[PDB]
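One structure is given below, encoded as structure tokens.
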Amino acid sequence: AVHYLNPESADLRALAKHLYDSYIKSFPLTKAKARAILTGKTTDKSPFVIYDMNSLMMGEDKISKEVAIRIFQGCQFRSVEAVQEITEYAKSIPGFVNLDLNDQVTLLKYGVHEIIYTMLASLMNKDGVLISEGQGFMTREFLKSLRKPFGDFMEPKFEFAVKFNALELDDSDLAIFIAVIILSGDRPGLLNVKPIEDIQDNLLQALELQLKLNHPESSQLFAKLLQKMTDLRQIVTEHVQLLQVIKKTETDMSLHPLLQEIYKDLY
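For the record, in the sequence shown the residue sitting at position 165 is 184 according to the numbering used here, with numbers rising by one throughout.
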């Protein structure tokens, strides 16, 4: 409830700057940029709106192949690419690199998806998603119209994004939040758990201090973020389920191998 400016709170503020710089340098599109585009104030940015099949095809001009599938495999590709960016960002979290290599992989392997939907929310609004780094905007209604199986793989994301963007976190907050998610000792298969929690503990303190200074008006964002952290795991779960329905239903369409390795160890 009360804070003093001590050497410990100073490092927590330093850690914040650090993860923030790594963040900006690890991800192409930040929430600041994303929201600017969605509110239309960017000059160089004005996404081509894909809101139907006709706009979809003419949109492919400005940057087994049925659309429902074509679009589905596009997401899995962006996902592995996203994985690589998350990984690069993870390596910049202090201590992460000193953990047993095996745990570093277990950590990413299990939390990359929780991070993927947290950051996807930055690119989402009640109307749709920004695709191809702000070059396109794909309408939410257009995604639900897709073929029987692929018409719901995105809807859960959207529902989450809306509730989530409600908290109005800025990239300052996300940089640390994402770090907390990664370094979770709950992950099955870790060798030495204590060192991981030690890092998370300190990350959680830094996050709370961040939220007090950055959101003077919000009474309890911290408690709310801790909750969003749980319903994130639920979304991943539901994602894996519906994802298995696509496997044993829709064939003549392949799931990227790197992703299937992660899905194997997910429930």
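Even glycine gets a Cβ: it sits at the ideal position worked out from N, Cα and C.
Who pairs with residue i in a beta bridge, going by DSSP?
i      : result
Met-76 : None, per the DSSP bridge assignment.
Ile-69 : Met-157
So, under 8 angstroms CB-CB, residue i and residue j are touching, yes? Tell me the CB distance rounded to an integer number of Å.
i          : j       : result
residue 17 : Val-99  : A query on residue 17 cannot be resolved here, the shown segment of the chain reaching from 20 to 286 and no further.
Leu-228    : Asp-192 : Contact flag wrong, Cβ pair sits at about 11 angstroms.
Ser-151    : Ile-82  : 6 angstroms
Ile-90     : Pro-175 : No, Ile-90 and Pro-175 are not in contact; Cβ-Cβ is about 16 angstroms, not under 8 angstroms.
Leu-251    : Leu-126 : Not really, about 15 angstroms apart at Cβ, beyond 8 angstroms.
Just the Cα atoms here: how many angstroms apart are residue i and residue j?
i       : j       : result
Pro-276 : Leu-285 : 15 angstroms
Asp-271 : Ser-83  : 7 angstroms
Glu-269 : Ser-65  : 35 angstroms
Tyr-39  : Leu-48  : 14 angstroms
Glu-27  : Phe-169 : 49 angstroms
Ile-56  : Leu-188 : 17 angstroms
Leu-165 : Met-248 : 30 angstroms
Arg-54  : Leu-149 : 10 angstroms
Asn-25  : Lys-167 : 58 angstroms
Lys-60  : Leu-120 : 44 angstroms
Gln-123 : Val-131 : 12 angstroms
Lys-52  : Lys-44  : 14 angstroms
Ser-238 : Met-72  : 45 angstroms
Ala-29  : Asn-221 : 12 angstroms
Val-21  : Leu-244 : 20 angstroms
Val-116 : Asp-217 : 14 angstroms
Checklist line | Every unbroken alpha helix (DSSP H) within the stretch 198-257, with a cutoff of 4 residues, ordered by chain | finding: Those alpha helix (DSSP H) runs which fall completely within the stretch 198-257 and span 4+ residues are 213-233.
Next item on the list: Say whether the stretch 198-208 touches the stretch 141-161, bearing in mind that this needs 3 or more beta-carbon pairs closer than 8 angstroms, one atom from each stretch.
Entry: Contact fails: fewer than three Cβ-Cβ distances are below 8 angstroms.
Note to self: Please give me, in chain order, every unbroken run of the alpha helix (DSSP H) with length at least 4 that falls completely inside the stretch 87-159.
What the structure shows: Segments of the alpha helix (DSSP H) lying fully in the stretch 87-159: 120-139.
Note to self: For the pair the stretch 206-215 and the stretch 142-149, tell me if three or more CB-CB distances fall below 8 angstroms.
What the structure shows: Touching, no.
Check: Counting Cβ pairs, one atom from each stretch, are 3 or more of them under 8 angstroms apart for the stretch 129-136 and the stretch 91-107?
Finding: At 8 angstroms Cβ cutoff, the stretches touch.
Next item on the list: Would you check if there are 3 or more beta carbon pairs closer than 8 angstroms linking the stretch 71-81 to the stretch 214-229?
Entry: Here the stretch 71-81 makes no contact with the stretch 214-229; the two share fewer than three CB pairs at distances below 8 angstroms.
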